[PDB]
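Below you will find one chain, with nothing else, as structure tokens; this is the form deposited in one PDB entry, and questions on how it binds or moves follow later.
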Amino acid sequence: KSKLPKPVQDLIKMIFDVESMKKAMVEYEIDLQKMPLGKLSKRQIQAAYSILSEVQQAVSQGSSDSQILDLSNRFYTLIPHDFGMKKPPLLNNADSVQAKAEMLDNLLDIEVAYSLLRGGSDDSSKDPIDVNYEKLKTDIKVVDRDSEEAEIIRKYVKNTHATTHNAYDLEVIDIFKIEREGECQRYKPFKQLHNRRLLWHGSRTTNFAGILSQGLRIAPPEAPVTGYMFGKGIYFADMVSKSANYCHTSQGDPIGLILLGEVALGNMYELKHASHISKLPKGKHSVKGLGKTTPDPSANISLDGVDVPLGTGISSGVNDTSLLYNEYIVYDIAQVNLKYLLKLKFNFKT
């Protein structure tokens, strides 16, 4: 039997749950009879991204519905969808491309989780929780609820829940301090960079085995750059609720996971509207999508020499922006050092 703390054991059980992976796939309209969890491969997902890029080229070139039909059909051939003997809906716009790009990002992490579960050794004398913990190559510790780091984290959660995201409230269940093997070494060129911030990253529970084993990643070269507001980078928020929305929790699944990462932002390229970029302008280290609301800058605190924007939301003074809240994007995976993982209970008021 495992000697790991019970919250860590529960975390391991949640992220390696095969039934949750199947549920995420069903939620995406994937046909599990034609494409089961065991049949998903990087190769297949990459080919589907490539086809999605062919679809975005046709939609931006102003091709007709009759013209896009074969391209749309091609995507469904690669990623079978649950439509029986009926015709699938046509993928003929930016919204459908974005929705499918997001789905493939999820399938990529699910494939990683399933590969870990299948690519190791079998020893019934060992607790499978300990076995699965070892596959993450991540030191996971429970943060003491009475510690200063827990107090700062709780304040960050308490103060940055947006009024527009009030259909639920958040209860912090557990706070974990995480250390991905080799990440400290990888982050070394950015460890003293100016404008290092502690930011939120929300994701579906089914993506966490991938995130902990591989770190936060950028969509592959095959992925459509127009499938993401600021292109192919790693996205963070300074508002807990903005990132919590990306956990995709519900009344039937109200427990989610959120990350706190130290992000080396450096010289920020400030944008108010979509810019589908792959690379940054010279001398820029990140993109800051300017929100109408920002955490109060006077309330900014330092945790282990990193800025924590835990102030309550105030007007940024930014006019005519597509964003209600800030978002930060890095285009080099080495600019992220994951620090904490929170298990949240979503209390839906609706």
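In this text, the rigid core denotes the largest set of C-alpha atoms whose superposition between the two forms falls within 1.5 Å. Numbers follow the displayed sequence, beginning with 1.
We do not show the form deposited in another entry, though everything after this point is about it.
Put the two forms on the same core and the Cα of residue 296 is off by less than 2 Å between this form and the one not shown. After superposing the rigid core, the C-alpha of residue 163 moves by 2 Å or more between this form and the one not shown. For residue 280, a C-alpha deviation of 2 angstroms or more is recorded between this form and the one not shown after rigid-core alignment.
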